[PDB]
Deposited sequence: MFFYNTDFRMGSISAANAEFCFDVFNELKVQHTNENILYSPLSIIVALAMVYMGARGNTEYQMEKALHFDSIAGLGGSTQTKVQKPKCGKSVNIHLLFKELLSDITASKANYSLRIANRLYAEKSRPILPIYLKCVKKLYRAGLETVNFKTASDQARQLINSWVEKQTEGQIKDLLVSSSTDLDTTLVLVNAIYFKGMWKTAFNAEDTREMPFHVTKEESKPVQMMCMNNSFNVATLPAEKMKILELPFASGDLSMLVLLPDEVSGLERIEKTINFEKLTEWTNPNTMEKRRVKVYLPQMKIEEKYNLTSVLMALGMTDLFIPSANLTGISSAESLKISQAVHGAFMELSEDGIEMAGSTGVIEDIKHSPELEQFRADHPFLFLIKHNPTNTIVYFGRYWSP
């Protein structure tokens, strides 16, 4: 299916974003959802025209994957909708929530066709609010909604300086994940161990310990191991990319991209074997203003007054004032796999190999 094209675009976009994010987010944890971001932008893209549309099409890698009422990319919006409904369905011991919303200044009338397309393809994804004379109340309402959707974890996503009387569009995107390990780690076996941030800096961390059969890629020439950890319920799994050397992370961050990740995680390289796993208990929250990042990736017009969103509104002045992303991830409970120094990780949707979260664990 073309779903593989959308999965590949998401991964290519994921590493485009990582390349920008790590410039400004050095020596700290990173956590974001390329999937929820690309879906948020796809919803905007549906209403973009001219150069703004062209820039988004290239930056989102849609150009590599009788006009329909919701545009030529209607098949892409449909695939995103079907994918999101799969992974956000709540199960026992599985909670993944995505909050995705474009807020529009009420004096910019929304074209009926765009409202219809959003209702069918991105339901509840568009709201009109009075930024002009109630921008601070609108901000608190938006932040409350994000806080509610993320089970209290993503607070104050839109900071006080971010909205004013001139705000016309705000793109808000948040993702929440709380999962449980398929092999429930022994409660009487998790213990406090040193996490070696560098060879010189150590911080204590609560380490989950598991001795079980896992798929693992052992790649000496790449100086890494990659462990697959299934979740208890749902169709998601975590991959952990552990550098062999204590500070081997930078070398891997310099070279990783979609093609390399595919080579390193090739099912032919994966072997099912008994592994003694030490993994830090992970509870990571990160918030990003993605405006600069997305402009640097080539979507400049979307965030300045020459934005062309005339598929959203006919109004004279429209642009995205802020694109903000909040991500929360929590996990709770032979060859060695001792993740006690900085590493990369991702959460993927197994049926489609789509990357849902990508991140760096730098320090407890």
Query raised in the report: What's missing from the model if you number the deposited sequence from 1?
Result: 1-7, 73-83, 352-371
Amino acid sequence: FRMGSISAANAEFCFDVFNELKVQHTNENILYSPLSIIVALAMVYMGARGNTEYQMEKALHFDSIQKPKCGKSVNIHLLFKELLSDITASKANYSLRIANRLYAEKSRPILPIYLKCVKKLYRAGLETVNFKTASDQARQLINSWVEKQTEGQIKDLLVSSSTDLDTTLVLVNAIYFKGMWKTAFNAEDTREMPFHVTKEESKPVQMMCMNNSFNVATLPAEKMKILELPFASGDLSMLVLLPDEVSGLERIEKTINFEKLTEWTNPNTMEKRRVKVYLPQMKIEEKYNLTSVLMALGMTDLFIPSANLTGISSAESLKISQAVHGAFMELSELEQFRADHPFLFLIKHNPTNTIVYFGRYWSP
From here on, numbers count along this sequence of modelled residues.
Requested in this report: Look over 186-194 and 225-233 in the entry and identify the one with the greater average Cα temperature factor.
Outcome: 186-194
Report task. Select between 124-132 and 171-179 the stretch whose C-alpha atoms have the higher average B-factor in the entry. Result -> 124-132
Requested in this report: Please work out which residue in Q137, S144, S73, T218 has the highest C-alpha B-factor recorded for this crystal structure.
Outcome: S73
Query raised in the report: In the PDB entry, which of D244, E253, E259, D164 has its C-alpha at the highest B-factor?
Result: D164
Query raised in the report: Taking the entry's C-alpha B-factors for this chain, is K119 in the lowest, middle or highest third?
Result: highest
Report summary line: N268: CA B-factor among chain residues, third -> highest
Report task. Could you tell me which third, lowest, middle or highest, the C-alpha B-factor of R274 occupies within its chain? Result -> highest
Report task. Please place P34 in the lowest, middle or highest third of its chain by C-alpha B factor as given in the entry. Result -> lowest
Query raised in the report: What third of its chain, lowest, middle or highest, does the C-alpha temperature factor of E57 fall into?
Result: middle
